[PDB]
Amino acid sequence: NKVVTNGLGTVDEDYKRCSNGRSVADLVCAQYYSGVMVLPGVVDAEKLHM
Amino acid sequence: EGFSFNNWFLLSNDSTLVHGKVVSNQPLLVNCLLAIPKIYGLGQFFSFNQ
Amino acid sequence: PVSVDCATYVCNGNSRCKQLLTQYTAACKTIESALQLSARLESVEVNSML
Amino acid sequence: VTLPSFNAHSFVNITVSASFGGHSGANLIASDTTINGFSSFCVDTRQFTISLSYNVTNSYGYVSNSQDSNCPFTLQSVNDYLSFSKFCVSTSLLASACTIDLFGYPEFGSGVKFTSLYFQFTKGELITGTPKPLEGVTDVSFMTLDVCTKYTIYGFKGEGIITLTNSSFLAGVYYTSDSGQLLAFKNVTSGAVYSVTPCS
Amino acid sequence: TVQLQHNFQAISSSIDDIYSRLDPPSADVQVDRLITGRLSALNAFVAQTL
Amino acid sequence: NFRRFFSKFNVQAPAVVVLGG
Amino acid sequence: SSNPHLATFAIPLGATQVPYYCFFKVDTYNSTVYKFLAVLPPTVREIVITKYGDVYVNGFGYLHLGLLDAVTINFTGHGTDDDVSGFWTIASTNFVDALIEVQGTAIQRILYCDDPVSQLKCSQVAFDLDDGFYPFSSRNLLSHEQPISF
Ligand SMILES: *[C@@H]1O[C@H](CO)[C@@H](O[C@@H]2O[C@H](CO)[C@@H](O[C@@H]3O[C@H](CO[C@H]4O[C@H](CO)[C@@H](O)[C@H](O)[C@@H]4O)[C@@H](O)[C@H](O[C@H]4O[C@H](CO)[C@@H](O)[C@H](O)[C@@H]4O)[C@@H]3O)[C@H](O)[C@H]2NC(C)=O)[C@H](O)[C@H]1NC(C)=O
Ligand SMILES: *[C@@H]1O[C@H](CO)[C@@H](O[C@@H]2O[C@H](CO)[C@@H](O[C@@H]3O[C@H](CO)[C@@H](O)[C@H](O)[C@@H]3O)[C@H](O)[C@H]2NC(C)=O)[C@H](O)[C@H]1NC(C)=O
Ligand SMILES: *[C@@H]1O[C@H](CO)[C@@H](O)[C@H](O)[C@H]1NC(C)=O
Ligand SMILES: *[C@@H]1O[C@H](CO)[C@@H](O)[C@H](O)[C@H]1NC(C)=O
Ligand SMILES: *[C@@H]1O[C@H](CO)[C@@H](O)[C@H](O)[C@H]1NC(C)=O
Ligand SMILES: *[C@@H]1O[C@H](CO)[C@@H](O)[C@H](O)[C@H]1NC(C)=O
Ligand SMILES: *[C@@H]1O[C@H](CO)[C@@H](O)[C@H](O)[C@H]1NC(C)=O
Ligand SMILES: *[C@@H]1O[C@H](CO)[C@@H](O)[C@H](O)[C@H]1NC(C)=O
């Protein structure tokens, strides 16, 4: 919590809402439209806790 | 400090950044502030150099 | 893990630019291949010891 | 899409009259040009179309006219919705004015050039190099929302899909991405902003 | 992402303007520099990532 | 008195102002 | 109206209801035309102008032409118009480097750079900065006054 500036690792938004395009493009949409796609972390922190 | 920029426009020369922080030269030094609320019965010749 | 369509990155889907990209051959292909190969390597290993 | 403005067009012509060749096609006779009948001109109308006209004749036969371009544009391009905040053409040297030259090659190829044209201009949506006097009262802009389309959004060419975004950005007109991509542009005529999505 | 805005020695940071403004041959000429800039930055990024 | 409250603001004599909010 | 030279800008309308075409008449002997300044936007908030001809409107350089000297006002705000004035504040302004935090194209906060700590901050990108070692330039002559050596 103190380290994750995003609050959660889940903030990697699904690119589908990026493809919505009704609202204004965000940073995720900026890079996606540039052709960039961040993949989800190979495991979540919950699995690490497990 | 405390000013909320009720209508203040950042001087974007072509296109405005929606969100972020930018270091730039903007006329933020204040000279002879005049704040007359809803009155101008004045024929005035604002001149530079003065 | 991160990916990007360098073809889109440079051309942004512009076919007229796409032909030009093609003449630089596997530059884009090699880039993506290295990315994916690496990433899948980490994927499989981290899934391994986890 | 550009700034809302009065429908104003002025046909730019620039007539060039020359005679080349002489005897055995290797000589010259004369060459001159004017911008719509004058040595210099500046567009005031929002719209303007160049209509290059040629009284150029080889005394021995035909003249091949080739275009030089020391300019960010071509004669075939300027009409294509090119946008300026100013644009001025001079037949003579003009400071900070890009150069466009024409070369008249007679049948035997004298190979000479025409007059250098100097274009001092600044980008903006005040005056538009137009292919035709645009229509539309108080505004010549047009768009197809939710349509994969070509566009020139205040000079921002490109391809994309335009979707009304209900945002209410008081400041600015058209906002670009961190990566210098126009993400949303305001109609400003209605003060409404549209998000742009690449088709692919 | 921010790399690509740099008009890498070209007339503009975007391509269709180059296509429209000048004849395709010259537009190809200019875009080559952008192409190289983009891929090169990709390369440096790639090596960093690796 | 709240006068010190308004004193907290850097201010100069012809500053005819209105504090708000 | 959109034509001073074909029609009078004698306005037949009041309180807008039409974005009022702003035309800017040249008043020299050999140029007396009204340049179309701008279709009146729906609502202006702040206008800023600069010595070097920067007519700046709502975050946009509509004109930013050659240097202006006399920005003279005749806004007929006399009589009952003394309670109709739009002039509510005006401030002369000097350019200064500063870091601006903005969100939703709306100004949030500012930081000047004159102070060495602030100089480092604006030299950096964040209003706040971390405890560490940072590059800095030896203070030059504050007055430029560079002599010429040839
Ligand atoms: C949109 O884009 C346009 C593009 O031109 C911008 O226009 C320029 O904006 C800059 C930003 O301030 C202006 O810079 C200022 O220039 C003034 C005039 O220039 C003289 O002085 C400088 C510095 O002395 C010389 O280098 C130059 O050769 C000229 O002799 C100066 O008065 C300003 O300098 C101030 O600070 C220096 C110290 O740094 C002091 O020594 C000076 O005395 C002075 O106090 C500053 O350099 C620039 O002039 C603008 N262009 C033109 C042609 O004037 C718009 O600003 C930009 N934004 C909009 C429109 O909002
Ligand atoms: C941005 O939003 C404004 C606000 O509507 C749009 O302006 C609108 O433009 C259309 C055509 O340009 C106007 O239609 C008018 O219809 C009447 C009746 O058919 C006709 O007589 C007129 O000649 C005109 O065609 C409409 O009134 C006008 N709305 C206004 C001024 O409020 C504008 O199209 C939008 N987009 C852009 C790029 O400006
Ligand atoms: C209006 O302009 C005239 C000159 O055009 C000037 O003398 C006068 O001071 C200005 N203001 C008023 C209120 O008349
Ligand atoms: C500028 O100001 C200086 C000093 O105030 C004065 O000597 C000079 O005449 C002024 N020039 C102009 C053009 O205002
Ligand atoms: C320029 O060409 C247009 C048509 O393209 C014509 O209407 C106009 O009269 C011409 N003007 C001059 C000065 O040649
Ligand atoms: C022919 O040339 C003359 C002068 O050289 C010019 O006045 C005239 O307009 C030209 N004719 C055409 C059709 O361009
Ligand atoms: C904007 O908000 C209104 C009200 O909730 C809604 O009806 C509209 O669909 C929204 N549009 C966009 C593009 O978000
Ligand atoms: C306007 O400028 C031109 C250009 O030299 C000049 O010939 C003309 O006399 C000027 N108009 C006047 C002085 O009324």
# chains A, B, ... in the order shown; residues from 1 in each chain; ligands from 1
>>> closest_atom_pairs(of="chain D", to="chain B", cutoff="6 Å", atoms="only C-alpha atoms", output="CSV")
residue,atom,partner,partner_atom,distance
D:172,CA,B:16,CA,5.3
D:174,CA,B:15,CA,5.7
D:175,CA,B:16,CA,4.9
>>> write_last_selection(atoms="N, CA and C atoms", output="compact mmCIF listing (two decimals), in the first residue's frame")
# COMPACT_ATOMS: atom_id res chain seq x y z
N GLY D 172 -8.40 25.38 -23.24
CA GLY D 172 -7.91 24.68 -24.41
C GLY D 172 -8.98 24.39 -25.43
N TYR D 174 -8.14 21.79 -28.50
CA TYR D 174 -7.85 20.41 -28.82
C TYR D 174 -6.61 20.00 -28.05
N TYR D 175 -6.76 18.96 -27.26
CA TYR D 175 -5.73 18.53 -26.33
C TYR D 175 -5.03 17.31 -26.90
>>> residues_near_ligand(ligand="ligand 8", cutoff="9 Å", atoms="only C-alpha atoms and all ligand atoms", output="NGL selection string")
:G and (28-31)
>>> write_last_selection(atoms="N, CA, C and O atoms", output="PDB file, in the first residue's frame")
ATOM      1  N   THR G  28      -4.208  52.153 -40.546  1.00  0.00           N
ATOM      2  CA  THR G  28      -3.159  52.932 -41.180  1.00  0.00           C
ATOM      3  C   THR G  28      -3.698  53.507 -42.482  1.00  0.00           C
ATOM      4  O   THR G  28      -4.760  53.118 -42.972  1.00  0.00           O
ATOM      5  N   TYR G  29      -2.939  54.451 -43.036  1.00  0.00           N
ATOM      6  CA  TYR G  29      -3.390  55.190 -44.210  1.00  0.00           C
ATOM      7  C   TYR G  29      -3.632  54.276 -45.407  1.00  0.00           C
ATOM      8  O   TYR G  29      -4.647  54.406 -46.102  1.00  0.00           O
ATOM      9  N   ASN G  30      -2.712  53.351 -45.668  1.00  0.00           N
ATOM     10  CA  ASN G  30      -2.808  52.420 -46.786  1.00  0.00           C
ATOM     11  C   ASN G  30      -3.241  51.018 -46.366  1.00  0.00           C
ATOM     12  O   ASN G  30      -2.923  50.041 -47.052  1.00  0.00           O
ATOM     13  N   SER G  31      -3.963  50.900 -45.252  1.00  0.00           N
ATOM     14  CA  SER G  31      -4.626  49.646 -44.892  1.00  0.00           C
ATOM     15  C   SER G  31      -5.713  49.975 -43.879  1.00  0.00           C
ATOM     16  O   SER G  31      -5.406  50.365 -42.748  1.00  0.00           O
TER      17      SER G  31
END
>>> closest_residue(among="A:11, A:45, A:23, A:29", to="chain E", atoms="only C-alpha atoms")
A:29
>>> residues_near_ligand(ligand="ligand 3", cutoff="10 Å", atoms="only C-alpha atoms and all ligand atoms", output="ChimeraX atom specification")
/B:40-45 /G:72-78
>>> residues_around(residues="residue 43 (chain G)", least_positions_apart="4", cutoff="12 Å", atoms="only C-alpha atoms", output="PyMOL selection string")
(chain B and resi 7) or (chain D and resi 170-171+188-191) or (chain G and resi 16-20+39+47+57-58)
>>> write_last_selection(atoms="N, CA, C and O atoms", output="compact mmCIF listing (two decimals), in the first residue's frame")
# COMPACT_ATOMS: atom_id res chain seq x y z
N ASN B 7 -10.34 31.16 -13.43
CA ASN B 7 -10.44 31.11 -14.88
C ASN B 7 -9.06 31.13 -15.52
O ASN B 7 -8.96 31.20 -16.75
N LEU D 170 -12.82 23.38 -19.76
CA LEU D 170 -13.03 24.80 -19.99
C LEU D 170 -11.90 25.39 -20.80
O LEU D 170 -12.12 26.13 -21.76
N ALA D 171 -10.67 25.05 -20.44
CA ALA D 171 -9.52 25.61 -21.12
C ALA D 171 -9.17 24.78 -22.34
O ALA D 171 -9.60 23.63 -22.49
N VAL D 188 -15.90 23.65 -29.85
CA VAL D 188 -15.81 25.06 -29.44
C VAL D 188 -16.97 25.87 -30.01
O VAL D 188 -17.53 26.72 -29.32
N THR D 189 -17.33 25.62 -31.27
CA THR D 189 -18.58 26.16 -31.79
C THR D 189 -19.71 25.80 -30.86
O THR D 189 -20.55 26.64 -30.50
N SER D 190 -19.75 24.54 -30.43
CA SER D 190 -20.63 24.09 -29.38
C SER D 190 -19.92 23.92 -28.05
O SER D 190 -20.56 23.58 -27.05
N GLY D 191 -18.61 24.13 -28.02
CA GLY D 191 -17.88 23.91 -26.79
C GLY D 191 -17.86 22.47 -26.36
O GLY D 191 -17.68 22.19 -25.17
N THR G 16 -25.50 38.88 -26.81
CA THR G 16 -25.06 37.81 -27.69
C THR G 16 -26.21 37.14 -28.43
O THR G 16 -26.75 37.71 -29.38
N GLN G 17 -26.56 35.91 -28.02
CA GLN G 17 -27.45 35.01 -28.75
C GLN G 17 -26.86 34.63 -30.10
O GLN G 17 -27.42 33.82 -30.84
N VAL G 18 -25.70 35.20 -30.41
CA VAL G 18 -24.93 34.93 -31.62
C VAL G 18 -23.47 35.14 -31.25
O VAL G 18 -23.13 36.19 -30.68
N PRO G 19 -22.60 34.17 -31.50
CA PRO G 19 -21.18 34.42 -31.29
C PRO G 19 -20.76 35.59 -32.15
O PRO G 19 -20.73 35.49 -33.38
N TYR G 20 -20.45 36.71 -31.52
CA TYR G 20 -20.26 37.95 -32.25
C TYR G 20 -18.93 37.93 -32.98
O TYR G 20 -17.87 37.84 -32.35
N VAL G 39 -14.37 34.37 -34.30
CA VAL G 39 -15.76 34.15 -33.94
C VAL G 39 -15.81 34.16 -32.43
O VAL G 39 -14.98 33.54 -31.76
N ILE G 47 -8.08 36.65 -20.65
CA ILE G 47 -7.36 37.07 -21.85
C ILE G 47 -6.04 37.67 -21.42
O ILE G 47 -5.97 38.43 -20.45
N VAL G 57 -5.57 34.22 -26.19
CA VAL G 57 -6.98 34.05 -25.86
C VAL G 57 -7.19 32.65 -25.31
O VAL G 57 -6.99 31.66 -26.03
N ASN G 58 -7.62 32.57 -24.05
CA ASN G 58 -8.09 31.33 -23.44
C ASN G 58 -7.11 30.19 -23.68
O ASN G 58 -7.47 29.11 -24.16
>>> atom_distance(atom1="CA of residue 161 (chain D)", atom2="CA of residue 40 (chain G)")
28.1 Å
>>> select_by_dssp(residues="chain D", states="strand (DSSP E or B)", output="PyMOL selection string")
chain D and resi 9-12+15-21+27-35+38+40-42+47-50+53-58+64-67+70+82-90+98-100+102-105+112-113+117-129+145+148-153+156-165+174-176+182-186+193-197
>>> write_last_selection(atoms="C-alpha atoms", output="mmCIF file, in the first residue's frame")
data_model
loop_
_atom_site.group_PDB
_atom_site.id
_atom_site.type_symbol
_atom_site.label_atom_id
_atom_site.label_comp_id
_atom_site.auth_asym_id
_atom_site.auth_seq_id
_atom_site.Cartn_x
_atom_site.Cartn_y
_atom_site.Cartn_z
ATOM 1 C CA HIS D 9 -12.334 32.264 -50.227
ATOM 2 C CA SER D 10 -9.951 33.982 -52.616
ATOM 3 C CA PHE D 11 -8.689 32.148 -55.672
ATOM 4 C CA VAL D 12 -4.912 32.327 -55.847
ATOM 5 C CA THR D 15 0.146 33.478 -63.868
ATOM 6 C CA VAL D 16 3.548 32.640 -65.348
ATOM 7 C CA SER D 17 4.217 33.695 -68.945
ATOM 8 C CA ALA D 18 7.422 32.694 -70.709
ATOM 9 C CA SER D 19 8.857 31.921 -74.134
ATOM 10 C CA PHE D 20 11.939 29.703 -74.500
ATOM 11 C CA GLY D 21 13.839 27.861 -77.212
ATOM 12 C CA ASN D 27 17.870 29.751 -76.522
ATOM 13 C CA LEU D 28 15.505 31.897 -74.459
ATOM 14 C CA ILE D 29 13.135 34.773 -75.070
ATOM 15 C CA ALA D 30 11.389 35.819 -71.858
ATOM 16 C CA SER D 31 10.000 34.640 -68.520
ATOM 17 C CA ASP D 32 7.897 36.317 -65.823
ATOM 18 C CA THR D 33 5.100 35.596 -63.378
ATOM 19 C CA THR D 34 2.732 37.337 -60.996
ATOM 20 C CA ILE D 35 0.556 36.281 -58.072
ATOM 21 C CA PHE D 38 0.693 41.027 -59.192
ATOM 22 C CA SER D 40 3.123 39.806 -54.478
ATOM 23 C CA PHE D 41 -0.008 38.908 -52.573
ATOM 24 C CA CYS D 42 -1.325 37.877 -49.181
ATOM 25 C CA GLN D 47 -10.177 29.834 -47.914
ATOM 26 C CA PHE D 48 -7.880 30.174 -50.885
ATOM 27 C CA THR D 49 -7.039 28.002 -53.864
ATOM 28 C CA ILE D 50 -3.949 28.343 -56.014
ATOM 29 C CA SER D 53 -1.680 29.386 -65.063
ATOM 30 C CA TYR D 54 0.863 29.030 -67.855
ATOM 31 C CA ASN D 55 1.489 31.175 -70.899
ATOM 32 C CA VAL D 56 4.774 29.326 -71.426
ATOM 33 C CA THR D 57 5.756 28.434 -74.997
ATOM 34 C CA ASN D 58 8.902 26.989 -76.517
ATOM 35 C CA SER D 64 8.197 20.522 -69.851
ATOM 36 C CA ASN D 65 7.435 22.345 -66.599
ATOM 37 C CA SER D 66 9.016 20.844 -63.496
ATOM 38 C CA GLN D 67 8.279 21.998 -59.966
ATOM 39 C CA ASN D 70 12.063 24.501 -51.028
ATOM 40 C CA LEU D 82 -3.376 23.213 -45.763
ATOM 41 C CA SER D 83 -3.702 25.659 -42.899
ATOM 42 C CA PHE D 84 -1.905 28.914 -42.075
ATOM 43 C CA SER D 85 -2.165 31.708 -39.600
ATOM 44 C CA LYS D 86 -0.644 33.760 -42.396
ATOM 45 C CA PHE D 87 0.587 33.142 -45.917
ATOM 46 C CA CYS D 88 2.192 35.596 -48.339
ATOM 47 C CA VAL D 89 3.686 35.039 -51.784
ATOM 48 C CA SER D 90 6.380 37.197 -53.369
ATOM 49 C CA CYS D 98 10.277 29.261 -48.495
ATOM 50 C CA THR D 99 11.084 28.864 -52.169
ATOM 51 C CA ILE D 100 9.224 27.199 -55.005
ATOM 52 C CA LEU D 102 9.595 26.072 -61.849
ATOM 53 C CA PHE D 103 11.849 24.880 -64.648
ATOM 54 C CA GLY D 104 10.878 25.129 -68.297
ATOM 55 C CA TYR D 105 12.621 22.603 -70.501
ATOM 56 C CA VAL D 112 16.345 27.260 -67.339
ATOM 57 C CA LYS D 113 14.242 28.042 -64.273
ATOM 58 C CA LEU D 117 8.502 32.258 -55.454
ATOM 59 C CA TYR D 118 8.867 33.123 -51.776
ATOM 60 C CA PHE D 119 6.216 32.098 -49.269
ATOM 61 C CA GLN D 120 6.331 33.626 -45.814
ATOM 62 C CA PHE D 121 3.702 31.920 -43.717
ATOM 63 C CA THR D 122 2.767 30.790 -40.241
ATOM 64 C CA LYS D 123 0.679 27.778 -39.329
ATOM 65 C CA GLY D 124 -2.842 28.393 -38.087
ATOM 66 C CA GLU D 125 -6.484 27.964 -38.963
ATOM 67 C CA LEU D 126 -6.990 31.585 -39.990
ATOM 68 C CA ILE D 127 -6.501 31.001 -43.729
ATOM 69 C CA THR D 128 -6.728 27.669 -45.511
ATOM 70 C CA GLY D 129 -5.107 26.551 -48.733
ATOM 71 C CA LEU D 145 -18.524 11.293 -35.678
ATOM 72 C CA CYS D 148 -13.361 5.906 -39.387
ATOM 73 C CA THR D 149 -12.416 8.890 -41.496
ATOM 74 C CA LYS D 150 -9.729 11.144 -42.785
ATOM 75 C CA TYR D 151 -9.520 14.404 -40.922
ATOM 76 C CA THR D 152 -7.589 17.644 -40.647
ATOM 77 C CA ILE D 153 -8.451 18.792 -37.123
ATOM 78 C CA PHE D 156 -4.113 17.732 -37.416
ATOM 79 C CA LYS D 157 -4.422 15.388 -40.337
ATOM 80 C CA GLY D 158 -4.967 11.725 -39.794
ATOM 81 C CA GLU D 159 -7.306 8.767 -39.709
ATOM 82 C CA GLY D 160 -9.592 7.947 -36.845
ATOM 83 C CA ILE D 161 -13.023 7.607 -35.325
ATOM 84 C CA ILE D 162 -14.619 10.639 -33.705
ATOM 85 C CA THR D 163 -16.741 10.058 -30.622
ATOM 86 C CA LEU D 164 -18.431 12.723 -28.550
ATOM 87 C CA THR D 165 -16.793 12.761 -25.168
ATOM 88 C CA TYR D 174 -7.848 20.411 -28.820
ATOM 89 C CA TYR D 175 -5.727 18.527 -26.334
ATOM 90 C CA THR D 176 -2.923 16.233 -27.372
ATOM 91 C CA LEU D 182 -4.613 14.649 -30.446
ATOM 92 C CA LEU D 183 -6.818 12.784 -27.978
ATOM 93 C CA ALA D 184 -9.788 15.136 -27.742
ATOM 94 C CA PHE D 185 -10.668 18.259 -29.680
ATOM 95 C CA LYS D 186 -13.432 20.663 -28.763
ATOM 96 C CA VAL D 193 -15.107 17.782 -27.027
ATOM 97 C CA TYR D 194 -14.684 14.702 -29.204
ATOM 98 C CA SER D 195 -12.323 11.839 -28.452
ATOM 99 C CA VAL D 196 -10.411 10.321 -31.360
ATOM 100 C CA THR D 197 -9.635 6.631 -31.674
#
>>> select_by_dssp(residues="chain A", states="alpha helix (DSSP H)", output="NGL selection string")
:A and (15-20 or 27-34 or 45-49)
>>> closest_atom_pairs(of="chain C", to="chain E", cutoff="10 Å", atoms="only C-alpha atoms", output="JSON lines")
{"residue": "C:2", "atom": "CA", "partner": "E:49", "partner_atom": "CA", "distance": 9.5}
{"residue": "C:4", "atom": "CA", "partner": "E:42", "partner_atom": "CA", "distance": 9.8}
{"residue": "C:6", "atom": "CA", "partner": "E:39", "partner_atom": "CA", "distance": 7.6}
{"residue": "C:7", "atom": "CA", "partner": "E:39", "partner_atom": "CA", "distance": 9.4}
{"residue": "C:9", "atom": "CA", "partner": "E:38", "partner_atom": "CA", "distance": 7.7}
{"residue": "C:10", "atom": "CA", "partner": "E:38", "partner_atom": "CA", "distance": 6.1}
{"residue": "C:11", "atom": "CA", "partner": "E:15", "partner_atom": "CA", "distance": 8.1}
{"residue": "C:12", "atom": "CA", "partner": "E:15", "partner_atom": "CA", "distance": 9.4}
{"residue": "C:14", "atom": "CA", "partner": "E:16", "partner_atom": "CA", "distance": 8.4}
{"residue": "C:16", "atom": "CA", "partner": "E:19", "partner_atom": "CA", "distance": 8.9}
{"residue": "C:17", "atom": "CA", "partner": "E:15", "partner_atom": "CA", "distance": 7.9}
{"residue": "C:20", "atom": "CA", "partner": "E:28", "partner_atom": "CA", "distance": 7.8}
{"residue": "C:21", "atom": "CA", "partner": "E:35", "partner_atom": "CA", "distance": 7.6}
{"residue": "C:24", "atom": "CA", "partner": "E:36", "partner_atom": "CA", "distance": 9.4}
{"residue": "C:27", "atom": "CA", "partner": "E:39", "partner_atom": "CA", "distance": 7.8}
{"residue": "C:28", "atom": "CA", "partner": "E:39", "partner_atom": "CA", "distance": 7.6}
{"residue": "C:30", "atom": "CA", "partner": "E:43", "partner_atom": "CA", "distance": 9.9}
{"residue": "C:31", "atom": "CA", "partner": "E:46", "partner_atom": "CA", "distance": 7.1}
{"residue": "C:32", "atom": "CA", "partner": "E:46", "partner_atom": "CA", "distance": 9.1}
{"residue": "C:34", "atom": "CA", "partner": "E:46", "partner_atom": "CA", "distance": 8.3}
{"residue": "C:35", "atom": "CA", "partner": "E:46", "partner_atom": "CA", "distance": 7.5}
{"residue": "C:38", "atom": "CA", "partner": "E:50", "partner_atom": "CA", "distance": 7.7}
{"residue": "C:39", "atom": "CA", "partner": "E:50", "partner_atom": "CA", "distance": 9.6}
>>> residues_near_ligand(ligand="ligand 2", cutoff="6 Å", atoms="only C-alpha atoms and all ligand atoms", output="PyMOL selection string")
chain D and resi 1+136+141-142+187+189-190
>>> interface_residues(of="chain F", to="chain B", cutoff="10 Å", atoms="only C-alpha atoms", output="NGL selection string")
:F and (9-10 or 14-17)
>>> residues_near_ligand(ligand="ligand 1", cutoff="10 Å", atoms="only C-alpha atoms and all ligand atoms", output="ChimeraX atom specification")
/B:9-14,24-27 /G:48-67,94-97,142-145
>>> write_last_selection(atoms="C-alpha atoms", output="compact mmCIF listing (two decimals), in the first residue's frame")
# COMPACT_ATOMS: atom_id res chain seq x y z
CA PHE B 9 -5.38 29.87 -18.51
CA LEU B 10 -2.03 28.21 -18.79
CA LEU B 11 -0.39 29.45 -21.96
CA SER B 12 -0.30 26.42 -24.21
CA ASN B 13 0.94 27.62 -27.54
CA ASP B 14 -0.92 25.06 -29.67
CA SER B 24 7.68 26.75 -18.41
CA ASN B 25 8.13 30.50 -18.56
CA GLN B 26 4.75 32.07 -17.99
CA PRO B 27 3.95 35.62 -16.91
CA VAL G 48 -3.64 37.80 -21.80
CA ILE G 49 -1.57 39.98 -24.11
CA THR G 50 2.17 40.56 -24.34
CA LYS G 51 4.46 43.33 -25.52
CA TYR G 52 5.60 41.40 -28.55
CA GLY G 53 2.15 41.33 -30.06
CA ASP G 54 0.97 38.18 -28.30
CA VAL G 55 -2.79 38.39 -28.50
CA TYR G 56 -3.44 35.34 -26.32
CA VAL G 57 -6.98 34.05 -25.86
CA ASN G 58 -8.09 31.33 -23.44
CA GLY G 59 -4.85 29.43 -23.55
CA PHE G 60 -4.42 30.09 -27.27
CA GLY G 61 -2.30 32.47 -29.31
CA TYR G 62 -4.97 33.72 -31.69
CA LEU G 63 -2.69 36.38 -33.16
CA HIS G 64 0.66 36.67 -31.33
CA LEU G 65 1.62 39.19 -34.00
CA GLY G 66 4.34 41.84 -34.07
CA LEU G 67 5.01 43.93 -31.01
CA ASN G 94 6.32 39.63 -16.15
CA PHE G 95 7.41 36.31 -17.57
CA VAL G 96 8.91 33.94 -15.03
CA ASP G 97 9.94 30.32 -15.16
CA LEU G 142 23.06 37.85 -12.55
CA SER G 143 23.48 40.94 -14.70
CA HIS G 144 24.37 39.58 -18.12
CA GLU G 145 26.43 42.63 -19.15
>>> residues_near_ligand(ligand="ligand 4", cutoff="12 Å", atoms="only C-alpha atoms and all ligand atoms", output="JSON, numbers by chain")
{"B": [46, 47, 48, 49, 50], "G": [51, 67, 68, 69, 70]}
>>> write_last_selection(atoms="C-alpha atoms", output="PDB file, in the first residue's frame")
ATOM      1  CA  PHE B  46      -2.252  50.798 -21.436  1.00  0.00           C
ATOM      2  CA  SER B  47       1.333  51.203 -22.503  1.00  0.00           C
ATOM      3  CA  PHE B  48       4.306  48.933 -22.211  1.00  0.00           C
ATOM      4  CA  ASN B  49       7.664  50.312 -21.021  1.00  0.00           C
ATOM      5  CA  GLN B  50       5.667  51.774 -18.128  1.00  0.00           C
TER       6      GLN B  50
ATOM      7  CA  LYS G  51       4.462  43.328 -25.516  1.00  0.00           C
ATOM      8  CA  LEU G  67       5.009  43.932 -31.013  1.00  0.00           C
ATOM      9  CA  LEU G  68       2.177  45.992 -29.558  1.00  0.00           C
ATOM     10  CA  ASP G  69       2.833  49.248 -27.767  1.00  0.00           C
ATOM     11  CA  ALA G  70      -0.465  50.936 -26.948  1.00  0.00           C
TER      12      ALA G  70
END
>>> atom_distance(atom1="CA of residue 4 (chain G)", atom2="CA of residue 131 (chain D)")
27.0 Å
>>> residues_around(residues="residue 19 (chain F)", least_positions_apart="4", cutoff="12 Å", atoms="only C-alpha atoms", output="count of residues only")
10
>>> closest_atom_pairs(of="chain E", to="chain D", cutoff="6 Å", atoms="only C-alpha atoms", output="CSV")
residue,atom,partner,partner_atom,distance
E:1,CA,D:179,CA,5.8
E:2,CA,D:179,CA,5.2
E:5,CA,D:180,CA,5.9
E:20,CA,D:77,CA,5.9
E:21,CA,D:73,CA,4.3
E:22,CA,D:74,CA,5.5
>>> closest_residue(among="D:8, D:140, D:63, D:192", to="ligand 7", atoms="only C-alpha atoms and all ligand atoms")
D:192
>>> interface_residues(of="chain A", to="chain B", cutoff="12 Å", atoms="only C-alpha atoms", output="PyMOL selection string")
chain A and resi 24-27
>>> atom_distance(atom1="atom 12 (C, counted along the ligand's line) of ligand 6", atom2="CA of residue 130 (chain D)")
23.1 Å
